[PDB]
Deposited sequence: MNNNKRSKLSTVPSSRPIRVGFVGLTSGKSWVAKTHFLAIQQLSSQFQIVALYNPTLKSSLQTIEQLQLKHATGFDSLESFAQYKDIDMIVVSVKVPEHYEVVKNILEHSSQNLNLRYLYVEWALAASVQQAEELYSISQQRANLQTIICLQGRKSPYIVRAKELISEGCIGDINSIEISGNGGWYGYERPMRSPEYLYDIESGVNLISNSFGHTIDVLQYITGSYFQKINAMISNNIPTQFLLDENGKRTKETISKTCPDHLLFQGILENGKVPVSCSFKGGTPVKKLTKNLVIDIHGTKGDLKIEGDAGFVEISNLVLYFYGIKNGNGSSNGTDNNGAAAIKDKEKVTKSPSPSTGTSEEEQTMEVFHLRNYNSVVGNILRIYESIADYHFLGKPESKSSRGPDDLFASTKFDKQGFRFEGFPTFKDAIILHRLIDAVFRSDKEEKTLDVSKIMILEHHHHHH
């Protein structure tokens, strides 16, 4: 029982793969509670090696994802692979583990899928396994900076919200894109772009922070950078130039369900970067105070930010407070905090984390965001302000 949770890994590229440089670590620090037991990759040659470089003692490597899906040694499987192969992958996992009955958990990353209905589906599906907990990687939620704001507010430190203002950066939808960057990231049809991911990530944490969902909203999407600069490995740019069909900027406003609190948010696509302002900020106007979060990298999900707040200690005598946590490895720290939420509940099914302070978010959550994101999309397109108050309901 009090016996590691054995992770099966889909997307373990090698010793220097994304997940290698993030999840892997998340599970060292939890060696006590998690064990990596299986690695799927489509060439055995590659699993074996990853196991080598990393010395995964308990790992055994797979060639088939059916092959995988079956190992009645995996209580929980992680899926961290391109989102366009997110639908493919997952689903099979699902249908090809029905017999496996210690698989109790299936983790996946934001964006759950690459199209709502495509994830809608993966959702509709997830649903049947009486015995399954799903998990979306909205590491946004676990950030000392986020939780902290969230606690500040909740306790009436800043009163009732008034206004909210935002800012972000996609990174690579700038006037500059990097040598190594995946063309797909930029294939319109990818299902990967600013909103979807970056913003999706962002906004959600806000709906998360405030802890109120949206009621109605408006969105507008721009494409004025139709060709970009290529960067040599060092970042020095190069006379060479490339095509984007994923958008360069999006504007969005909406009225928060709770309070009719209004929200302003302008998301830049990349470079050049704002130089007279933080490229990442959340400006919350409270009634007894203010709370601002600021990053130079709009990747809150991954970023170590800083939090300034001001207002009443408790919730007339207002106070200032600066919350920044020097050298905290958000990059990895953050996933780690989601693995604990999981361990917690396990060594200690759920529906969605929602607005709850413990637990972790689910495909329910993955979905609601997803759902809401189509909105954004439909909204710009339709050139109308839509009501996103049923987003949170299903059957």
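- Residues 1-13, 329-361, 395-412, 460-465 of the deposited sequence have no C-alpha coordinates in the structure.
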